[PDB]
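Right, one structure below, let's go through it.
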Amino acid sequence: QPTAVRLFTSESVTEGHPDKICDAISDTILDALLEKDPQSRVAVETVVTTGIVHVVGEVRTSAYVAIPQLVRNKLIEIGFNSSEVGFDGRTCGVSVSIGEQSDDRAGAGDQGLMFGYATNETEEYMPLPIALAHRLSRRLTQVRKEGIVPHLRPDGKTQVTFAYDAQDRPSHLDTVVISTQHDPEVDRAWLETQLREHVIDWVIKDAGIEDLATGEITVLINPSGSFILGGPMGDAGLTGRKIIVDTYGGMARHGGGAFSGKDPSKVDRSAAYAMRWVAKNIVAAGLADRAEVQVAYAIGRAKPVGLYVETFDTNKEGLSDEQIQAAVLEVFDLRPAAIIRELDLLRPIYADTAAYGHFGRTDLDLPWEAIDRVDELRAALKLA
Amino acid sequence: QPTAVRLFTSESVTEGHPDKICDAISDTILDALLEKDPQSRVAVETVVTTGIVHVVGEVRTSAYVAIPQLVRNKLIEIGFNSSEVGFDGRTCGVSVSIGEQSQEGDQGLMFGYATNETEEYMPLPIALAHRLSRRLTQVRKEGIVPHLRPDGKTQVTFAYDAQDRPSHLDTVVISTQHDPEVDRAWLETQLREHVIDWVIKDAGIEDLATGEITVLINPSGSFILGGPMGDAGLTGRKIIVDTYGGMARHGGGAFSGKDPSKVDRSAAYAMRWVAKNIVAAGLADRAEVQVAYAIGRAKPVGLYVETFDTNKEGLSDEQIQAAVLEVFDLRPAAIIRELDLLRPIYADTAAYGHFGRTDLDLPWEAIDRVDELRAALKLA
Amino acid sequence: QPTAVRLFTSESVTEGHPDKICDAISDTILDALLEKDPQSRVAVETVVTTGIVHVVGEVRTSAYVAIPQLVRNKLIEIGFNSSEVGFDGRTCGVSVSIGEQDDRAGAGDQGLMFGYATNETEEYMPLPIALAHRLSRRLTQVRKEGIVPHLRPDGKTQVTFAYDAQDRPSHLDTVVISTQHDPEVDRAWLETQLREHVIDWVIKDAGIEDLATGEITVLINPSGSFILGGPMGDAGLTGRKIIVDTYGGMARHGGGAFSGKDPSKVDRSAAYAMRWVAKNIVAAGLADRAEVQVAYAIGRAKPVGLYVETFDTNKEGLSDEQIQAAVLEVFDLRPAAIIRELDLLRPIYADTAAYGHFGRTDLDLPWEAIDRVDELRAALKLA
Amino acid sequence: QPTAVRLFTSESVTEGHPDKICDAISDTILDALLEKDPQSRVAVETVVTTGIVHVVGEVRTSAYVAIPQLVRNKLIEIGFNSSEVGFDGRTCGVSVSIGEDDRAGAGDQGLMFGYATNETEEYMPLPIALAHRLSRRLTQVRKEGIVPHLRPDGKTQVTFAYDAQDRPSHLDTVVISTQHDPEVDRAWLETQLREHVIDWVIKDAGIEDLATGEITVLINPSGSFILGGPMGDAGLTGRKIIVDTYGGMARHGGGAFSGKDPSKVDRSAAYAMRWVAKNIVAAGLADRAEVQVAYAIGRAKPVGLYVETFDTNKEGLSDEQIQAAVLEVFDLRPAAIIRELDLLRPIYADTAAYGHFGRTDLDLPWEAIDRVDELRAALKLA
């Protein structure tokens, strides 16, 4: 009969976290190939460790791109420009092991399952915990790049814990954790003041979540102390190792597939994008407050072998999940070629997705964020 | 308004799938180090592509292990023993970039899950997908089905009812690497009998497999070359296969190549242990628990119990969570001690899933806290 | 006092020896770049070990070449096409770590380079390296043409001649051949097959029966089986067979490797020039044997050093100092003038990357031209 | 018929030259293995390029050594400690791809040469002796703070006018190219290196009499040298074999030394040939001696031996007669060379720059003139 408060957590990382460096390098190569050959087939994985970038996988393309210069320039853009910060794009190892050799009916290029999610609890239709964690990691990068907080270095991680009510909804911000790389000219006591003011307080006001941040918020800035070296130094990063940061921060189920370094023919990426597009339209059409949708494919088959709509008893208009799914099946063509055509995916738009999340990005104009199927869904259900 | 039937999917892969090669290599090095030094700190990632294995990361150990031999022997066990099958443990590249000292971590979120819909407390789609991929490897190694090669994938789709429960098997996909001596039609007859039919009987789900089942065997034609050749693999790229096949939420953390001091592993194991005890204690049919840690704090900063309205005994999820907090010590050091994690038990976990393994004796599968939970809740 | 017979030895290796695999890959990349962009700057090193090729260095080029496919195809042509032979171009690792960013032009580096020639063979080569190369080329030939079955690519040849008191070859003393093979054949079977189809064939093809009379020691796979070959348990690197590539130890060497270097690298172009000089000195009748050193300073076109030696074989009462004045009159040794006069900006180099850079009767290499004999004689006012 | 002056050149490089980085790393690994297990079989090649060290090859040892730490520590000792200088041992990539009685046969075939000359007190040719002294002094003035603003990579080269008798007569040209900080230019380096490297070494070597009159001195003649080492100049083990030996004065069989334990005849038989050549000259049998030796895989006794003394042979002896004395005194089976020179000791990292021969700063067993008595006594001499 005693009760505990349920506490839900999501995390994000900056573009200088070693796994995110790999995602960004993988999608920088994808975009360079797409800019010159929109039909490029790309399955490029990046590995980073002390002093090393290793790029591996398979491309089919008519484009020429200078991979080592793309890698070095992306590391410099992130801010790894010196041995003093743990990694230097100008002087690091770059090794390439890429193999270059061997319409809606086109079969899926692999089996797999993919989920999409949306909720009207934020303007960007994202869960509050991942939305706040991404806003904090984006702001931590912004204050470094613009000099709002001097003496910062690229690597960093954010983590937010909300209290939740008995109906599975956020009630209150409980705990914020931020860790940032920094120059030795500053110490943790200075960083605590700077990041509390210029990151956390700024983001709470920018997100309009004052109501959720009243009273005692536990804040931990660089709780382990000095954070001088970072990125790949004394560590390792790999493409596709931040797939929950990339999506919904653990609020939504995930099918396992990574996004970065994959062209749009990979259903792991394009069908996940299609499921965000479906979920967002289900919510925007007023059929549910929250919606999660699974799709699944068999290799060589165009039509999904599976589709699974869940709205967690937030369904509206007396509609069941089974009725909403029938409307989705009428309105959306989930054959992989039809997804690529309707969302105009064969464009170099992916390097921007490789840090700070693929979904609910109001800084970007991503096609899977369009709420342009609201009218068709409502009409399929005979709603006004 | 019209209704559609909800279809939920899970997948698994054989030990020959390039990503699972990487998980196994990472956990084989981990086990070799734990055998000689239980206190070893290990953060090893494996990358495979045409002709090469690259092992990267950091180890803090007193143990001497010969990594190139361990890698070669592991590929040969998997069955990659010839250029003919596309990869050879004896003749492939092995490159090691592991730091052993500095010379000049308890954070993140984790989920556990259990359901009483199977005897092993797993969701049916992932339990069936793992039984198919394990059985596909077995029929090769035993020569029950000849002319198979190690790489393969399985996928299972179940119809679900309006209450989010499985109602019947809909679709089975098996894709297997094979010798050029055989084709898709031959694999269809062999695999329907010796893999699909055999597993439906072995699992006792005949009543879920009546009527029309869609079976897709090598649906995209021949699959002669596989493993790393034209299909790069990395450690920790099968984290949904490793866990609950998409039935349960995930925190993002990979298991393989990580020693037990890493909460991405130990805390996810602890949450399986908590979820399984909640369901075994008759508090819920299905339970999902998130935990989360803040750097420098031993006790978790977050815990979140969800039983999807399957609550029993008139208990809310908040009440179940208070009992969990009284019964379970969720400090990482206490998890390591209570589950006796500092043992070379992990290479076995690196394919066919970390949870609900009837073939293994894993400490996070113990339902030894049921009496404590029921006593904390004043139940009989 | 007791006397001993002096015995001089030279060696060669097949195209399948791991060091020569690297030389070949490095020069196959160079040739592919020079084919589409003759102005390409290339400094590409190849490393082979079990399962992997790693290509490293720096290139400046407008050309696109697919390096992984070039590597795999070259390994296939050499005969490494299966895990059973120890290496497979189709399935091996290939990793690339290459960065991509008139006559008065200075040398790109310092360094010293030697050239040599001797009228003891028609190709102007010392007999010990001439014979070692013929054996290694023949060893490759009997495999590719299947004159001797069950052979695998990796092999080494070694020839030891007795020498007279005046430092000239007198007779063949010892021939060594180690060849990679299928496990179906043994040392005993290789010994019969290789004596007939390689050693006896070459002696006849070279016309050296007069030097191969009496008892010759023949050691064929003396260490036993040689089944696993190539990079598998024997790492290779570009520029680790520089004495095989040149005069087999008969002539001095400046230390510079040839393969993976475009002609702007004096290590290559100036060694080629010294061969051309040394060959023309002997062809012009100034000496029987000539060895010439040249050296450069980075950023300076004219050499800092030139040294002629003829080993007291000088003719016409001319000193080495007199022959050298003639060489300075006739030859422009500025790097740009060497590239121009020998037409070096062509894809001709992969051919050079095994069986030697000099004395090649199977190739038409510009540095083997005896086209300056009139100019040398006219400089010495010889008829 | 006019005359030109013959001009002979040799070069050396600092320990910061990318090829010598690879030799030093290969021999640092060999030494660490021999320290714990003298019977270690080692064939370790090092490759360096922008940001990366790759160590490949084969070891058979009972020894555990921490290879990445050895690599990083060696780069730090060399001076590559910053991205600013082009390479940092603390932050660079390190990848390892290593696979793990006296009639004992040669492990390989091949030919090896040794050389000695009484023209210097260390029995070395003057051009390579002077090139090595310059490269060692260029390192010393940087490490000791005699000349500021230097960086590790550098090359030296000397050209001597030679007489009709093939002997050095005059120092003609000295080249030094050094890596440096951007705060200094060629003009400053020319002043500093003329005094603290060139003039210092001419006095240290006692060759003032060869260095009179006009000497062409070329310091950083190609201009600025800010980045160096592996960045834009890939290095490999065994790519400075002529710098390692006699600077082109002597013939060479092709075999590299570094990264090889003493069971490799490429190393031990070249060491034996220096030992033989130096004792021939120390015994008073010749002013200059060059000796080839050659082996066949599977056989202990050499298949070839060749003595050349370039007409400097004394006491009415021919090279055929010197060679018979050599065969009586010297056991040239590999196991016998390893035994007599006590080669199974961690002495090799010190040989990996500044040459393997004529090293008055080391006490190398192959430099011993401990066999002159046996040679004289086998030739029936006083």
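As written, the chain order gives the labels A, B, C and D, with residue 1 at the start of each chain.
We take it that a contact is a pair of C-beta atoms (placed from the backbone, for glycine too) under 8 Å apart; a residue touches a chain by one contact, two chains touch by 3 or more.
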{"item": "Of A-C and C-D, pair with higher C-beta contact tally", "value": "C-D"}
{"item": "Averaged-CA centre spacing for the pair chain D and chain C, given as whole angstrom", "value": "24"}
{"item": "For chain B paired with chain C, centre-to-centre distance based on mean C-alpha positions, whole Å", "value": "56"}
{"item": "Residues of chain A touching at least two other chains", "value": "49-50, 52, 54, 93-95, 97, 99"}
{"item": "Chain contact topology (line, ring, star, complete or other)", "value": "complete"}
{"item": "Chain-to-chain touches, reported pairwise for every pair that qualifies", "value": "A-B, A-C, A-D, B-C, B-D, C-D"}
{"item": "For the chain C and chain A complex, residues of the former touching the latter", "value": "54, 64, 66, 68-69, 93-101"}
{"item": "Touch list for chain C against partner chain B, complex", "value": "49-52, 82-84, 86-88, 90-95, 232"}
{"item": "List of chain B residues in touch with chain A within their complex", "value": "1-11, 43, 45, 47, 49-50, 52, 54, 56-58, 97, 99, 102, 107-109, 111, 153, 155, 157, 160, 162, 164, 170-171, 173, 175, 214, 216, 219-221, 230-232, 234-241, 245-252, 254, 290, 292, 294-297, 301-306, 316-319, 321-326, 377-378"}
